[PDB]
Structure formats: C-alpha cells, structure tokens
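Have a look below at one chain only, the form deposited in one PDB entry, in structure tokens format.
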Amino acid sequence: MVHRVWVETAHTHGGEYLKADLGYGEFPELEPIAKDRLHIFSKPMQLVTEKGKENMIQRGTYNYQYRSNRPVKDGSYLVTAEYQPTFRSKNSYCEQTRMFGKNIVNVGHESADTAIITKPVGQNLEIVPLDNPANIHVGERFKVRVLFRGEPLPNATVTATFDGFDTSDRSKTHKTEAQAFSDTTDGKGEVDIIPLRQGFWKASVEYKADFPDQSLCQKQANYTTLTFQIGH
C-alpha cells in the first residue's frame, strides 16, 4: 500500500479546543504512525489563524491525535501536516519524497471566511482554496489553485473523492481508490472541483520533478492533499 498524508478535523464550535487527526495511510482510515515512521513526522501539525502558524499539541489515545493549544474562536482556519523529506534509492538514482496535507476547518455553523484559508502557507506543493467550501452546494464549482515552489502549476491533475464513495470489499489488500472528480489545472494553476455529494472530501495532486541540487539528489516526488466538508 502506498501511504499518503491527509488531515481530518472534528466538528468544532467557538470556545472549545480544536481536535485534529494526522492521516498517514489510505484515506479515510486513520492509523497510528508506526515505530519506524515516527522520524518522518518529526514536526507537529500546525494551526493557521489570523496570527499565523502555531504548533498543535499531540494529545490523545493515539499518536496521530492533536489539539489546539488554546480554545479557538469562530472563524475559518487551516490545519496543515507534513511528511518530512525522505531519500530513497530507485532504478539507480536518489529520490526525495515529500507529502503535504491541509484541512479547511470552519469553527461555527455560519463561518465562511476566506481571509486565512486563501493565503498560501508555503507547502512545496500546495492546494490553495480560492473560496470557502461552506458556500459550495452539490453540483456547484469550488475553485482551487495549485502551487509548486510558490508558482502556479499548470496542467496538473487534481482528483477528488469523499469518505464513503468507494467502500465495497475494502481490506488491507484491496482497492477503494476511486475518485468522484478529476480535472487538470489551467495556465493560472486553477481548477474547479465539482462535488456531486455532500460529505468529507479529499482533493489530491502529485508532482514529480527534478531535485534542485543535482549534486545531492536527482528526483523529487510530491503528494499533496486538501480536505474539506461539503454540506452541513
């Protein structure tokens, strides 16, 4: 199984702590980070608000569970997670792998702000929402932009699925990778996700390129995810 990174947040109101989960594995099944993988997630997930980025605290039964340091007010925030760069041999060349996850969390039933969630956080490969998904009904268009090394990335494939779309016969050795959406970005790096069902959605984009410093490593693979809610 190829493991990927995503973020999930609990439904949260103003005045309570924000609870979040680092998914490393096969969406949407959360799993504890294994002993031999703890070094990859050496930095905690981050909460992005008006005051910028802050670390979250790893609290809970399982090591993928985090909470905000302080109770959060009503608003629209980001929770980010990162697979720190790892190097492996392939064939024979070196490849660096990096993964990123970002969750849009609306704290409060009427929160649909865009000031925070539309600003890039600096992920090497990033999906930046250009609108708040709380305003998107089934069949409507939800515009995002893909950034690579800070610049818009054209002709990249963005796919998207939701929790419960593909469940038949899931096991440790079976499928459930079907997507309910796929399109490619334009010259501005933008693409409209069109959700056909309410629920917990995950959009995905990957980019393989040359590693910047060719004297040290040759290739670089990036896998980036954006999670959000459609409906209420």
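Note that the rigid core is defined as the largest set of C-alphas that superpose within 1.5 Å between two forms. Just count from 1 along the sequence shown to find any residue number.
Omitted here: the form deposited in another entry. The next part is about that form.
- Comparing the two forms between this form and the one not shown on the rigid core, the single residue of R37, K53, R70, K175 with a CA shift of 2 Å or greater is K175.
- The pair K175 and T97 approaches in the other form: their C-alpha atoms are at least 3 Å nearer to each other than in the form depicted.
- Inter-residue distance, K172 to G60 (Cα): increased by at least 3 Å in the other form versus the depicted form.
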